[PDB]
Number of protein chains: 4
Amino acid sequence: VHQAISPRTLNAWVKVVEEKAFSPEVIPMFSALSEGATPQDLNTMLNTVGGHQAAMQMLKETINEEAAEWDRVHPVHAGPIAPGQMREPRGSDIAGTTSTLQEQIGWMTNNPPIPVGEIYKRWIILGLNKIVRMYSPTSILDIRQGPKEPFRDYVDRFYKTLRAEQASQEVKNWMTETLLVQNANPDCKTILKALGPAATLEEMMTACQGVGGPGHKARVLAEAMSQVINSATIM
Amino acid sequence: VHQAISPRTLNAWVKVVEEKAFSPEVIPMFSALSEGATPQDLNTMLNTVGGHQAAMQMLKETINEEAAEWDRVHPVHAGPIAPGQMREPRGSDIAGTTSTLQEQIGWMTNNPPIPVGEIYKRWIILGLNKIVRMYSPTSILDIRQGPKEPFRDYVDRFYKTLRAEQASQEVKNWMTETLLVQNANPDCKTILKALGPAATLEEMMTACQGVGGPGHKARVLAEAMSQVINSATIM
Amino acid sequence: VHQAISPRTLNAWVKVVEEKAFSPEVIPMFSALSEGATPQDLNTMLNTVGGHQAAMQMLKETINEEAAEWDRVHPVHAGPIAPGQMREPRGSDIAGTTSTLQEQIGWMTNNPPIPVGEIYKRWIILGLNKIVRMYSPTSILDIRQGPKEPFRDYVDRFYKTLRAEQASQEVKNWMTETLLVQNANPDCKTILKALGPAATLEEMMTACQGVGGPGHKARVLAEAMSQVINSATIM
Amino acid sequence: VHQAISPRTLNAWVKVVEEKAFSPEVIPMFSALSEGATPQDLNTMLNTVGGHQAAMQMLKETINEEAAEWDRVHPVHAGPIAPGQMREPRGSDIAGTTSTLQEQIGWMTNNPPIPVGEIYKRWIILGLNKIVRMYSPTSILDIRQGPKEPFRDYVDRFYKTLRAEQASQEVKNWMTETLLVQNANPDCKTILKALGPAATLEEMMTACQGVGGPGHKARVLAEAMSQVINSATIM
C-alpha cells in the first residue's frame, strides 16, 4: 500500500487536459501531479485522456521510439546468477507492456535504486513537448464553409464536430442558432438571410439546396450582368 | 481484490454529471455504472463531482435523514455473543462514516447476505430523484442585467459566473464579446452600442458609468419631454 | 405480528394530506386511520408527509412542549425493584425517541394498561388543531407581481414555487402559458401583451427588462404628460 | 542537519507571490523551489504569504478536505507491536498539525519510504490550481465610483484599498493625484474638474458633497430642462 494514485488527482489531470486543448503549460501541472508515481499508474494517466486522439498517435509513437533507443544502447547480457532481481528492465517493459506492478516495485525499492518511473516520466515529458509544438486545436469556431461546397455537407460537418464540443446543452443550442448561419459563404448567406431567422434547418436546406447548381448560377450571373449593363444604356 | 471500481468508470460518471446539469435520466446511467459496488466506492463517486455544490446540500441532507430513519426502525440490542460479525450495521455506518472497507466486505460476503451496498444505492437514488425535482441549472445564457443595476456590478457578476462555465478558451472569449453587450438594459445598451463595437471593457465602463445617476436621469427625461412637446407646438 | 400498519393505509394518509393543504377535517380521517396504532408507527405516519415542511416546524414543536409538560408533572422516582417493566415511560420516550418498538409493546400489552399510543395520539391531534388555525396554504394562483419588482425576478419566483405544484405535466404547461402573463403589473403587462402571445420567455424578458428603469420611466411619464397637456391647447 | 530550507529561497517564493497576484504559472516555480522539502517547512512556506488572505480561505479548506478523504480511505488499525515507527501517518498529521519535525523525518528516512512530504505537495498543488481558477486579482486600477454613491465614501474606499497597494511612496502619491479624480462619475466629475486641479481633498470634498442630494438634483434637472426647452421657443 502507500503507493496508489488517488482518484481526485487523476480527475484533476483529466480536467486540465480538457480545459486546455494542448497549451505549453501542461508540463508543469503534469510533472507536479505525477510525482514519484509508478509507471503503471502513468499508463493509467495516459490512456484516460478522452478525445483528442489525434495527438495520441504522435505521443505513443515517440514513446516507442525512445524505448527502441534505450534498447539500442543497453545490452541484454546477464547471468547465470540464480533468480533474484531477475535482470535489468528493458525499453519494452519500462513502459509497462510486459511487466507487472510487482516487478516495477521490485525494481524501484530494490538496490541499486533504478528510477524506472522517473525515466518513463522523462520520455513522456519529451513527448508532450514535441506535441505542444506539432498540434493545432480545432474548435467549433473554426468550422467554415468552403467557397464551393454544398451547403448540406456544410451543416453535416458542422454538427459532426459540434457533438464533440465540450460544453453544456443550452450553450450548444444557442451556438447552433448563431454561428451556423453567421459563417456561411456570401452566396448562400444572401439567401439564407433573406429568409427570416425564424425558419428551421429544413427550410434553410431547401432554400440553399440550389447553390452551386446551373440554374442558380445562370440566374446570379444574368442578374449581375444586367445590373451594371442597364445602368447607363437603353435600347 | 476483484472488488475495486476502475478509473475509467469514475471518469465516465463525472463526464455524465458535467455534460448534463441535472437532467432526470441521470439515474439510469448511475445505477448502471455503480453496479454491485461497495459503499466506500460509492462515497468516492459522490464527493468527486465537481462544482454544482448547491445540490450536494440537499443530497447529503436526505442521506443523513434516511440514515436517521433506519436508526429509528432498527434496534441496537445485541450480545453477549463473543466477537464475530460484531453486530448489525447502523445507519451511521452504512454510509461508511464510522466503518472501514474491511467491515463492509465482512458484511457483504458473510451470511446472512446483508446488501448494505444496495441499500446505500437505494437511498442515493431517492436523493437524486428529489434533486432532479428541486433544481434549476444556471447558465451563462441566463445572466441578465437587472433593470436598476450599476453596469459595473453587472459585468462583475457576468465574469464571476463565467469562470465556472465549462468550455474551452476561445469559446469563452467570443461569448464575452457577443452576449455581454447583447444582454444589457435598453438604457445602457443605447449608449454602449452608440460607441462602436471596437472599444474594450474600460471604455465601455467609463461610458455607462453614469447610468442610474442624477445627471444622466435629468438628461434622458428632459430629452423625452421635449421630444414629444416640440412635435406639434411652437412658442 | 398482528400489530403492523398496512402500506395502503399509509398511502391513503399521504393522499389525504396532499389532496387537502391543511383543511380542519384532517383530524377525523387521521384518528380513523391511525386507530389503536403504536407510537413508532405514528412517527412513521408523521415524517412521511412530503412537502409542506413549514407546518412541521410548529407540529414538532408543540409535540416536544407537551412532552416537557408531562415531564414536569410526572416524577422519575422508581426502584429499587429488580428489572421488570423497567420504570414508567417518559415524555422523552413516549414519542419514541429513546425507546424501541419492544418497549412500546411491553408497555401497551403489560398491566397496568398504559395507553402510551393513545397519549401520543392525543398530543398530535392537539398539534394538528393548532396548525389548522395557524396556517395558510400557498398556491400557484397566488403568486403575483409586486408593484415595483424586476420582471425577471417575478418569473424566477413563479417557476420556483411552480415546481412544487402537485399536478401533472400538461397542466403545468398550460398554466405557465396563461397565468404567468395574466398576473403581471399593468406597466409590464401593457408591453408584454402588445407583443403578441406567440413569443417565448426569452423575447418577453428582453421586452420588459426595461421596466422600473430610468429610460422607461422618463418615457412613460412624458407620454402621460403630453397625453392630457395637448388635449385642449396649442402653441 | 542538511534538511533545512534556506532563507533566500523563502524570500524568492514570497517575491513570486507578491509580484504575480495569482497567475497559473505559480505552480512551476512552487514545485521547483519546494523540492524534496519536509511538510513542516511547507507550512512555513504557506502561512508566510502576506496579504491576499482571501484565497487562503479556499486553500486551507481544500487542504483539510483532502485530509478528510485520506482518512476515509485509510484505516487506523495497528498493533499491538511494541513502539517503533509508531503507526501510519494520518490525514490530520500529514499536514503537520499534531506531529513534530521529528516524526516527519522518522517517517521520510525510515523504510518503507513513505513520501509524506510529496503527498502534502500534491495536495497543495491541487489547491493552488483550484485557486487559479477561482480568483480575480483586485487592483488600484479597478476602484471606480458607483453611479449613486456619496463621493466621500468613494474616496474612503479608494484609500482603504490603496494602502494595501504594493508600491513605493511617490508612486502612490502621483497615483492619488491622477486616478482618483480621473475615475469619478460624470456628475461629480463635471464639478470636481471645473474647480481647477490645484485644490486639495478638503476643497474637493466640500465641492461634491452636494451630489445625489435634492438641491443639486433639482438644479441639474432644471438646467437640462431649459437647456433644450428655450432652444427653439420664446414666451
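General observations
- Nearest-to-axis residue in chain D, judged by Cβ distance to the rotation axis that brings D onto B and given in whole Å, is D:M235, 6.
- Calculated over the stretch B:63-161, the projected area of the Cα convex hull averaged across directions stands at 10.5 nm².
- Formal net charge of residues neighbouring B:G106 (Cβ-Cβ distance under 13 Å; K, R +1; D, E -1): -2
- In range of the label at D:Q102: residues from the stretch D:14-48 whose backbone nitrogen is under 19 Å from the point 7 Å along Cα→Cβ: D:38-41
- Rounded to the nearest 20, the Cβ-based charge dipole of the stretch C:141-235 about its Cα centre (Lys and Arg +1, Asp and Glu -1) stands at 200 debye.
- Computed over chain B, relative contact order equals 18 percent, with contacts defined as Cα pairs under 8 Å that lie 6+ residues apart.
- Counting Cβ atoms of other protein chains within 10 Å of each residue's Cβ and taking the mean over peptide B:164-176 gives 5.
- Nearest-0.05 FRET efficiency for D:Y135 and A:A207, computed from C-beta distance (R0 35 Å): 0.10
- Approximating the spin labels as points 7 Å out from Cα along Cα→Cβ, the B:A68-to-D:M86 distance works out to 3.9 nm.
- Scattering profile of the stretch C:1-116 at q = 0.16, 0.24 Å⁻¹ [log10 I(q)/I(0), Debye over alpha-carbon scatterers]: -0.89, -1.51
- Helices in chain C, meaning DSSP H runs of at least 4 residues, each add -39500 (n - 2.57). Divided by all residues, the mean residue ellipticity at 222 nm is -18000 deg cm²/dmol.
- Potential extension, C:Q166-C:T233 segment - 0.36 nm per residue separation minus Cα distance: 18.3 nm
- For the stretch A:106-215, diffusion coefficient by Stokes-Einstein and Kirkwood Rh (Cα), 25 °C, 0.890 mPa s, µm²/s: 138
- Rounded to whole Å, sorted largest first: equivalent-ellipsoid semi-axes of chain B, Cα gyration tensor: 59, 19, 13
- Between the residues C:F151, C:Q166, C:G196, the greatest Cα displacement towards the positive end of the dipole of the stretch C:137-217, with unit charges on the Cβ of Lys, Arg, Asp and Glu, is found for C:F151.
- Dipole in debye (nearest 20) - chain A, about Cα centre, beta carbon charges: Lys, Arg +1; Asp, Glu -1: 460
- Neighbour-count order for A:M29, B:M205, fewest beta carbons within 10 angstrom listed first: B:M205, A:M29
- Shortest-first distances to equivalent copies, position C:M175, nm, label 7 Å out along Cβ: 3.2, 3.5, 5.5
- Under 30 Å from the Cα of A:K160 - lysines, other chains or at least 8 residues apart: A:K15, A:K20, A:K60, A:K130, A:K148, A:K172, A:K189, A:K193, A:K217, B:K15, B:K20, B:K172
- Cβ-Cβ FRET estimate between A:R157 and A:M58, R0 fixed at 22 Å, reported to 0.05: 0.35
- Shielding of A:26-38 by partner chains, average beta-carbon count, 10 Å: 4
- Take each residue in D:218-226, count the other chain C-beta atoms within 10 Å of its C-beta, and the mean is 5.
- Residue exposure proxy: B:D93, B:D71, ordered by other Cβ atoms within 10 angstrom of their Cβ from fewest to most, comes out as B:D71, B:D93.
- Here the dipole of the stretch D:65-197 is about 420 debye; that uses its Cα centre as origin and unit charges on the Cβ of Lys and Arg (positive) and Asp and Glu (negative).
- Of the GluC sites (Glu not before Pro) in the stretch D:140-200, not one is in a loop by DSSP (not H, G, I, E or B) with at most 11 other beta carbons within 10 Å.
- When A:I114, C:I234 are sorted by how many other C-beta atoms sit within 10 angstrom of their C-beta, beginning with the fewest, the order is C:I234, A:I114.
- Spatial separation of Cα centroids for the stretch D:183-231 and the stretch D:135-149, in angstrom: 22
- Net charge of Cβ neighbours under 11 Å - reference C:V181; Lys, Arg +1; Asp, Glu -1: +1
- Distance between the stretch A:17-71 and the stretch A:161-179 - C-alpha centres, whole angstrom: 29
- Gyration tensor analysis over the Cα atoms of the protein assembly as shown returns equivalent ellipsoid semi-axes of 56, 48, 34 Å (largest first, whole Å).
- Positive-pole candidate from A:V76, A:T233, A:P214, dipole of chain A, charges at beta carbon: A:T233
All Cβ positions, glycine included, derive from the backbone under ideal geometry; neighbour counts span all protein chains shown. Bear in mind these aren't lab numbers, they're just calculated from the coordinates by the rules spelled out.
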